[PDB]
């Protein structure tokens, strides 16, 4: 990946998720749009994009906090496989994880994912 910081355009990307849980779900693979968030410790998919059938459990800390304050957070129970699509077509490396889900206004890939993809923010 390579993506110049532009104040006007948010570092937005195409992401395909895939529930790999040995257990049925209506749709194993979905499609979303997700901001690349460096001030985001964690990767959290909004509840309005999380499938009503993909199970969830307790996240270790009842909520996540940000600007306005804390927002309730639950965690993925199955391992989702997260795959990133670069603007031009190409595919970034597949990473697996148990995401956090909450009423986020946007799905954000936090520093845990950013790190897996091998991302350094640079002006060099």
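Residue numbers count along the first chain shown, from 1.
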| query | finding |
| --- | --- |
| Of 53 to 61 and 31 to 39, the one with larger mean CA B-factor | 53 to 61 |
| Mean Cα B-factor comparison, 66 to 74 or 89 to 97, giving the higher one as deposited | 89 to 97 |
| Largest Cα B-factor, entry values, listed residues 114, 102, 106, 15 | 106 |
| Chain third (lowest, middle, highest) by recorded CA B-factor, residue given as residue 110 | lowest |
| Modelled-residue ranking by C-alpha temperature factor, third containing residue 22 | highest |
